[PDB]
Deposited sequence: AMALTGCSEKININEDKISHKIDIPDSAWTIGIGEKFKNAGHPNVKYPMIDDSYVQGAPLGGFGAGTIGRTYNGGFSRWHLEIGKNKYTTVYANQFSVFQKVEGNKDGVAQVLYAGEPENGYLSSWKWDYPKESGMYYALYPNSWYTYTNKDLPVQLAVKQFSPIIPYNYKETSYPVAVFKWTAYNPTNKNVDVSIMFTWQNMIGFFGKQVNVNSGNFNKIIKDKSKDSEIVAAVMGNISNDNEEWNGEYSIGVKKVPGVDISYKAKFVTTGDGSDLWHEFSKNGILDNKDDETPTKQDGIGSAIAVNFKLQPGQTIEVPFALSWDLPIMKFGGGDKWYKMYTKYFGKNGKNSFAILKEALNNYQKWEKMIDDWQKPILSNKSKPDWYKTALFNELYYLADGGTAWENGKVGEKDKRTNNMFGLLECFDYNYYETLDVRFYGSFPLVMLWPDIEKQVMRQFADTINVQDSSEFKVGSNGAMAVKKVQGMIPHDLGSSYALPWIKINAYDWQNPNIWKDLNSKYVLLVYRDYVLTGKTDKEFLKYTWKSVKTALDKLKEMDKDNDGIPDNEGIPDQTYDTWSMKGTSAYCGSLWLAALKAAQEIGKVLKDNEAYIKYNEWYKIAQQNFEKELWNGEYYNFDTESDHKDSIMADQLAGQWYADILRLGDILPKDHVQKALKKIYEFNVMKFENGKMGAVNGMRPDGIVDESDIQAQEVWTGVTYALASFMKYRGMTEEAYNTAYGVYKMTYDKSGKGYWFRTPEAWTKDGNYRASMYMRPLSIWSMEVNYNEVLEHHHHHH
């Protein structure tokens, strides 16, 4: 490997061999069908709300999130980089697709598949990833750095449906070598959203943009239809000319054929026919190819950038609504702008790289932090793009000042902005994209007094319940299968209108968002203040016995939605205490004296009774009335965790908090698989895992990372990082279960999982507060 020295891969990048088999992989541990796309994954490409494309460590474009809210795992075999090399003096050259696999059927059988094992590595530190190619039959070593411009405090380039592939080639040998790199792409119009005639009218054109000291050559793969529908738009691939390289292309090859129309050209001398052909197809799939060819002398290095863009301006949800995607603000809405997007990337990628380096550098340069922690911190952010992210720039056929946003809980439970989970998962947004975070919170503020008296069947018990109650915060802002932002509370497993955590978490999120953006945004507090007061006032009515604390009702009425709480719970009770203290502080800021006095009164009473009812001398009991009320819950002091972040001081005595955290580390971490797998949710005081429900026997990745941040704030530095390390290990390490770029909600002691590609573990960013 001589190519690594010619590029700059951070030591904290996650790494795996190209073509590596992984033997230890986990699988779903639930009764019903659950997504398991395998461990062959990679860091995604694509901006927020753009639709994303997962190119795996084996090289294939395989995890398709272009249909917003959906996960489709299938390798589109025509989409590849390929290489040709010929040593000067040799009769023939060699050609090879850079994909560690082959197609299932006879399509593209002429291409040279099965990139060999032990001949290259994949690296990832989101939003960047890299591949190196170090192959005994390829004298010139090659590397590529690929990325999308995902940039904190930037809401423009961060939205773009574009990827850059920056190639580096180096000749370590003593002979001249002719080298070609070719990018192939299928015209994927009709891949989704088209019921019939899926390729019909697809056509490819070549764009040659020549202007002093710039040449870009690109293929634009579109459809003859000028219709404005979810399925219609354009894909583009292309390359920017650099000194010493020539560009060739082929506008149209058949993807539903043996591929020899293209490959016979590339495999001969690495030079394509430059044949333009705009003839639209009928049944056959078609694609385009862009290649560069150059000669590398001994010791010579060349860099050449390719790019990929996709202009699919309209997202459609299952309930029928069509919306424009965010990036259309910058490029237009007509779906004929793929080249413009591509060109912007090819002309500005070096600037984008520096912007990404500038935001990663403060963390990467901190030598007090272990590299494994940095691996997790950056790579967990994949989910902000890969979580079915929806970011609208207008309803089709409708202008507003704001652009609504939504991140999925996950794909198995297809619910946007599950607030009980975003309490954990939204840290990267408040810390790095705070304008998005505040918009989402205003979305919730706007729903507070919505009432929908239509009824739905509750999944857990079969009872009927009202969809949305006035003054209750919704569980979610809908489903991609229905009407995001329009029909809220799509979730029906439990009735969220009786949950005891949503209203308090809402208030805590509001105040968090004020504190972590500098305590200057009074307008955000003013916007949300009525909803905050309403939320707390409604939750106070759920106190059955006048101890000043809402009563959990002996069913799962909070985020642990199969784990029953009854009476005063440590979890919901501490959240309530903290929410009251937050609301007192907002009341002071907004000069609402009567609110300050009322919430201060409620706080003092609740605090006294919480301590009396739950403090057992070692930790806080799970609750006051359940069968296993004395279980040690990993999340027992969630309200104090947030109070620390919000700078609200002690809601419970420091000594008691430290004892409880130490107990959790001693039991829920260290007595669960020797502390190598995170914090199990519930442990009996005899040191055996609580079996009252499956969720008690699960480690929740986002709960564990948040607990690690709580420990860190409280000076339990070793415990914090040891607790978090178990989650990193399970997710990323060779000894783990192969969950990279699909971190699940949960695993059990056998390491098998529930709900891959999950929102909650974004909470690792709470460790950076």
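Unmodelled regions of the deposited chain sequence (numbering from residue 1, in sequence order): 1-15, 414-415, 787-799.
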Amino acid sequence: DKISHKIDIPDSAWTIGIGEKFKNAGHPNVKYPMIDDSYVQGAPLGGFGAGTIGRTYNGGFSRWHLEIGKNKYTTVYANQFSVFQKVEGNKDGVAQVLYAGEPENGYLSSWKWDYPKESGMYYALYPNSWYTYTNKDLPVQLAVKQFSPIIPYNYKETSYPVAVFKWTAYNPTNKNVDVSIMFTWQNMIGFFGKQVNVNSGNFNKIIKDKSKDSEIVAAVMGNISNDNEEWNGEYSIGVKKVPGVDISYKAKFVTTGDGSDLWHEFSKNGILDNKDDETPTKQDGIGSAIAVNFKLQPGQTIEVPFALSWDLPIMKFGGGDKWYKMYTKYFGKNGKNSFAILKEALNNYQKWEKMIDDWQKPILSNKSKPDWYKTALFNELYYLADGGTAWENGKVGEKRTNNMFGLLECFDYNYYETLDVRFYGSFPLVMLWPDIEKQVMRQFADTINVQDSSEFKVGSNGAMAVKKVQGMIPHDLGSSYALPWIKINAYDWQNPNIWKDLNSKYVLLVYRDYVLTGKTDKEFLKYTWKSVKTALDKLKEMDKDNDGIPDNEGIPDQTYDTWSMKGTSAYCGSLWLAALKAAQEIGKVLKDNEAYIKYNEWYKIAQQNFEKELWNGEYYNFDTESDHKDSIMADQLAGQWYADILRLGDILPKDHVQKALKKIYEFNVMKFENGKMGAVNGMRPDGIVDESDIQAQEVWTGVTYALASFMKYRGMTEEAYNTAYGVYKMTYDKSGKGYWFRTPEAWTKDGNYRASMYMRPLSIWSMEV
From here on, numbers count along this sequence of modelled residues.
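Once the C-alpha B-factors are averaged per stretch, 201-209 and 123-131 rank with 201-209 first. Look at the mean CA B-factor for 711-719 and for 34-42 in the entry; the higher one is 711-719. For the set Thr559, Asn414, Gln195, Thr281, the maximum C-alpha B-factor listed in the entry falls on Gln195.
Of the candidates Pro484, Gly617, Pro152, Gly233, the PDB record gives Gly617 the highest C-alpha temperature factor. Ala307 sits in the lowest third of its chain by CA B factor, as recorded in the PDB entry. Placement of the Cα temperature factor of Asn79 within the chain: lowest third of the modelled residues, per the deposited record. Placement of the Cα temperature factor of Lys374 within the chain: lowest third of the modelled residues, per the deposited record.
Remark: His65 belongs to the lowest third of its chain, ranked by C-alpha B-factor as recorded. Among the modelled residues of the chain, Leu477 sits in the lowest third by CA temperature factor in this PDB entry.
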